[PDB]
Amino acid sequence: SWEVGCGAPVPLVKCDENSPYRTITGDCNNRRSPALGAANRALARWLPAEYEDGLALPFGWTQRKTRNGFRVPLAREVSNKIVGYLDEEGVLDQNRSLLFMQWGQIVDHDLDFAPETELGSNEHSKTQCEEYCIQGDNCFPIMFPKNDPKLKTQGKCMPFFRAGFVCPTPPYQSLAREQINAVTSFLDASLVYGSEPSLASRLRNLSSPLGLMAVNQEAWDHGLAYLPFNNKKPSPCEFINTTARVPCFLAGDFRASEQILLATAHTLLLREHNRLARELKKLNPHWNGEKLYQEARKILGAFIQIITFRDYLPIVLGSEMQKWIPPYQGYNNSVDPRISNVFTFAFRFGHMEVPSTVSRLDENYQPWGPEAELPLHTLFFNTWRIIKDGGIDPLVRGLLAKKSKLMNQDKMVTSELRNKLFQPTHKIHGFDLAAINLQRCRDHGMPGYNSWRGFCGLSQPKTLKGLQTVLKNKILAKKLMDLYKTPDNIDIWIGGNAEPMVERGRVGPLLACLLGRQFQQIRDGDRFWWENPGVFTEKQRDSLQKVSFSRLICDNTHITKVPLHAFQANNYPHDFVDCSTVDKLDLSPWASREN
């Protein structure tokens, strides 16, 4: 008995039923329900939202209100007591390149984004939250526990604003609050091309009829392109260094400059689009701009799908991979391709894979300069270190030769993210990504850990001893129980990441189930999946089967020494080979001999 449904923020729908290309908004993928998987729609609810008032107030919002009879702990206290650690030694993943962490942030951004509510244009609402730490409406500040060092240097709280929700923006009252997903749910390279028509056009180079994506006209990388700058001010990339005054990049996705390796990944993707656009002109000089843009986009989207499903997921899900993501059988229109709310938290497992430093390496894969290695926090919203300090080639070698952090029950999230995160508009490198993850679980009305264990057909621990056995860790189970008196109350982000990893994977059972199911739906419910009969010719598919992340690098940098398997831990020069020994993406099958 759940209604026809609301959908006020989203406009009209008009589908061309013969189109060979995806829309920018994601609309029209599914023919029966053309809005499914479309951006700017509510995230799916795999389980009913759980709010303190059953409708919109997050747990923890009210002092006197218990969750199952107990107060929920402060997000920052959980972070300090369970998520933090001092010693970075021995914390690295002996078998995952830094590219593994990076590819995950990429895929993530291609799939979801629940932006903060916009109630700050010419408004002190945002200023007041920060300045006076007064909880109200969309201001839900993360307060400090009594013995927190930040209380001495940063004030009473870390500001936090509730995610935006569908239908109204001034309070509604009938059904549970549902947060928005601002990007397309399909793995379609929307992080490169955008999810709104407005932005999609602006990213394009219409000036010329070659199907190209716009490039920076102010800077170049030894002749190779850079993303254009986003000239919206205030710019956080300018803020972090007023001297260099280099602004953030403009990409298909809004968070592209959050950290230098992400920006780096976006640059590689753009170059790939243009290189494909140029190669297609040569094979089909008759094709117009639109035709070239779309066919290049199509090839790039398939690239991200293949790298993700064939290379990335197997080493994330490990032994659970075949269970949740059995080999492909074809497009199924009954499958819901929408990203679920819980998935946006399950995928945050990547936060425990980010290490404390980033390196620049030269062509011999040795330190590039006197400060080749830098602390991660000095790289948030840092674009000048790319434009004014070596370009992306050096950072990409670091991605290949350096390691990801390994999840560790005693060393979860690096202090660079847990104590030194920078957030636009605020002024300091003093935030905590972990605390924020937890406040956001509550903000989104996330059911607790046992609800999800149950959802996955896994036991549901009720006692310390049960939790110990599930976590296989006495001390961590003890701290969790002391913080949350019952496993029923454990926030999903933290409970899901506390479980030991499954054989050959990098996430526990619960998370493998949640991630596994979502990715299975993402593939099975995509009318444009690269392997779906009809989307690509069969000869074109034989050419796509050859793509690799190594080749993307060779084709789009001046790097000529790459590993064959980019995600595993690789050491130079042993595990490295010359680009010639690597499969190329042969584009002949795209020659349209139409005569």
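We call the rigid core whatever largest set of C-alpha positions still superposes within 1.5 Å between the two forms. In this text, residue numbers run from 1 along the sequence as written.
**Student:** Between 167-175 and 301-309, where do the CA atoms move more in 9 other deposited structures of this protein, taking the root mean square over the structures and residues after a core fit?
**Tutor:** It is 167-175 that deviates more in 9 other deposited structures of this protein.
**Student:** What stretch shows more C-alpha movement in 9 other deposited structures of this protein relative to this form, 12-20 or 576-584, after the core is superposed?
**Tutor:** With the rigid core superposed, the C-alphas that lie farther in 9 other deposited structures of this protein are those of 12-20.
**Student:** Per the record, averaged over C-alpha atoms, which has the higher B-factor: 172-180 or 303-311?
**Tutor:** The recorded data point to 172-180.
**Student:** Per the entry, where is the mean C-alpha temperature factor higher: 218-226 or 475-483?
**Tutor:** Looking at the record's C-alpha B-factors, the answer is 218-226.
**Student:** Among the candidates 109, 282, 420, 440, give the one with the maximum CA B-factor reported in the record.
**Tutor:** Max CA B-factor in the entry, restricted to 109, 282, 420, 440: 282.
**Student:** Looking at 129, 187, 436, 352, which has the biggest Cα B factor in the entry?
**Tutor:** Spelled out: the listed residue with the top C-alpha B-factor is 129.
**Student:** For residue 454, return the chain-relative third of its C-alpha B-factor as stated in the PDB record: lowest, middle or highest.
**Tutor:** It belongs to the lowest third of the chain when residues are ordered by C-alpha B-factor.
**Student:** Name the third of the chain's ranked CA B-factors that contains residue 546, choosing lowest, middle or highest.
**Tutor:** Highest third - that is where residue 546 ends up once the chain's C-alpha B-factors are sorted.
**Student:** Using the temperature factors of the C-alpha atoms in this entry, rank residue 506 within its chain: lowest, middle or highest third.
**Tutor:** It belongs to the lowest third of the chain when residues are ordered by C-alpha B-factor.
**Student:** How does the C-alpha B factor of residue 67 compare with the rest of the chain: lowest, middle or highest third?
**Tutor:** It falls in the middle third of the chain.
**Student:** Please say which third, lowest, middle or highest, residue 196 falls into when its CA temperature factor is compared across its chain.
**Tutor:** Residue 196: CA B-factor falls in the middle third of its chain.
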